[PDB]
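Participant: heads up, no residue letters with this:
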Ligand code: NI
C-alpha cells in the first residue's frame, strides 16, 4: 500500500505512485520522470489522468502505449490549475523531462516535491524565489557527507580528453558507453561530437532518444553501428566478457575498446580527484568508472535546503531503515541551526 511520503495532504494527488493499484481517494497521478522505480505499473490499461512534462508524456505514449486521452502534459515554469489546485513544474536537472512540482493548496500551504534532482544555484532563480514553502519532499539519495563529487562539466572534460587521446593514438579503437535508463546522454553525445562520429545503438534505444525533443538528434545518433566509433550498450554488458563478445561482433573493424561506466558514486572519490582516475584493463579492453551524478551531492543538497528554508522536510530516499532515517534527521537539524531558521 501507498507510502505517506508519495501522498500530497489536502489534495486528491499522488506522486510517482503507480505500483499500488488504485490508490484510495486518488483523483490525479503525477509522474516526475521516466525512470522505472517511478513509473512502475503504468501500461496501455491505465485509465486515470496522469500529469507530467511534455517529454515524459511522449515517452508514456510511445514506450508504454498509455492512451493519449489520459496523458496531460504541462509546460514548465507556468502556473496551471489541476482539480482546482494551482501547480507549477520546474526543471529538476536530473534526466530529460524530469521535473520538481510546486503545489499551492486552497488553505495557503505551499508544497515542493523535488522528485529526483540535482540541486543547483540556478534553481534559486525560478518561481521558487518568490515565496515560502511549508513542506519539502526531498530527494535524499546522497544525504551523507562522504558523498562529494565533481561537477558534471569536469567529468565530461575528463571523458572527452581521454577518448580523443585514445582514438588519435589508435584509430582502430572503439569507444563504448553504458546506459540503463534515459539520463547521462551528455556523456556519450560529447564524446561523439569531439571524435566527429555518430553514436550507434539498438533500434529500441534510438526510438527512446527520438522521444526526447533533443535539438539536432537525427544529427548525433544512429542505428548503423558500422558507421560509428562510439557505441551504446546496456550497462550490464560493461564488463570484460560482455566487451570481448561485442568486440568479436564487429568483424575485425576494431582491435581495442575503451569503455565508460558513468556511475553515481564510487568510494574512490574519498581518496582520488577526477584528474587522478585510472581504468581497469584486461587485454585490449579498458573500463573507466566516472562519477557522473544526476543527484545532488551532500553539499549541494545542504545549500539548497538552507536557501529555501522549509518549515518541514520529508525525505523520499533511504527511508527504510531506522538508522538511515535518524542519521538524515540529525543532518537536517544541523542545517537548520547553522542557517538560523
Ligand atoms: Ni531517477
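Facilitator: Nice, thanks for sending it over. Residues are numbered from 1 along each chain as shown.
Participant: pretty sure residue 33 sits against residue 117.
Facilitator: No. Residue 33 lies out of contact with residue 117 (Cβ atoms under 8 Å); the separation is 9.6 Å. To be clear about C-beta, it is placed using only N, CA and C from the backbone, and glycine gets the same treatment.
Participant: overlap in contacts, those two.
Facilitator: 92, 94, 98 (Cβ atoms under 8 Å, 6 or more residues apart in numbering).
Participant: sort out which one of these lies nearest the ion for me.
Facilitator: Comparing those against the ion with Cβ to the ion places residue 94 closest, at 5.7 Å.
Participant: so that closest one sits right up against residue 295, yeah?
Facilitator: Yes. Because the distance of 7.4 Å satisfies Cβ under 8 Å, residue 94 is recorded as touching residue 295.
Participant: and for these two, which residues touch both?
Facilitator: Residues touching both residue 94 and residue 295 (Cβ under 8 Å, 6+ apart): 116, 117, 118.
Participant: looking at those, which are in strands?
Facilitator: Residues of the shared contacts of residue 94 and residue 295 located in strands (DSSP state E): none.
Participant: could you pick out which of these are near the ion?
Facilitator: residue 116 (Cβ under 5 Å from the ion).
Participant: ok, and the most crowded of the shared contacts of residue 94 and residue 295?
Facilitator: The most crowded member of the shared contacts of residue 94 and residue 295, judged by other Cβ atoms under 10 Å, is residue 117 (27 neighbours).
Participant: so what's that residue closest to, chain neighbours aside?
Facilitator: residue 92 (4.2 Å; Cβ to Cβ, 6 or more residues apart in numbering).
Participant: isn't there a strand covering residue 287?
Facilitator: Yes. Under DSSP: H, G, I helix; E, B strand; the rest coil, residue 287 sits within a strand.
Participant: quick one: contacts for the residue nearest to residue 117?
Facilitator: By Cβ under 8 Å, 6+ apart, the contact list for residue 92 reads 32, 33, 98, 99, 100, 114, 115, 116, 117, 118.
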